[PDB]
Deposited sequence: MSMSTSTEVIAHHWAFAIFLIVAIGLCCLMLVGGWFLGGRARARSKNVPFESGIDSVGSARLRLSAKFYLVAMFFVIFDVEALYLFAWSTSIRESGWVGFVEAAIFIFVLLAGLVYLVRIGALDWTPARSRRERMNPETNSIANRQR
């Protein structure tokens, strides 16, 4: 019933961890590579957190109202402007 969600959770985390670690291993092999790699990984964590927020918004949408939605809007728009920033800063050129 419950413990299965907790298993998919500890699992999800476990996997993000191992994966991130291996990506660290492969990363170990005008900015420079390591800088770009970091910036990217970081924006990943950010997207993660802000996503948390988004879901929170999702669970209750009609109860939030036109202001709730307008909020979600400015929120996501800014997140996106943040991505435009990261890209246009050149952490994309290599990974």
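> Which ranges of the deposited chain go unmodelled, in order along the sequence?
No C-alpha coordinates exist for 1 to 14, 44 to 60, 127 to 147.
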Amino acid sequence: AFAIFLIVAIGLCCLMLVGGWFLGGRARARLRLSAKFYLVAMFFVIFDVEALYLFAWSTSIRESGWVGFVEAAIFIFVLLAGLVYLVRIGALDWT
From here on, numbers count along this sequence of modelled residues.
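> Hey, which bit's got the bigger mean C-alpha B factor in the entry, 69 to 77 or 9 to 17?
Per the PDB record, 9 to 17.
> Mean C-alpha B factor from the entry: is it higher for 59 to 67 or for 41 to 49?
59 to 67 has the higher mean C-alpha B-factor.
> By the record's CA B-factor, is residue 25 among the lowest, middle or highest third of residues in the chain?
It falls in the middle third of the chain.
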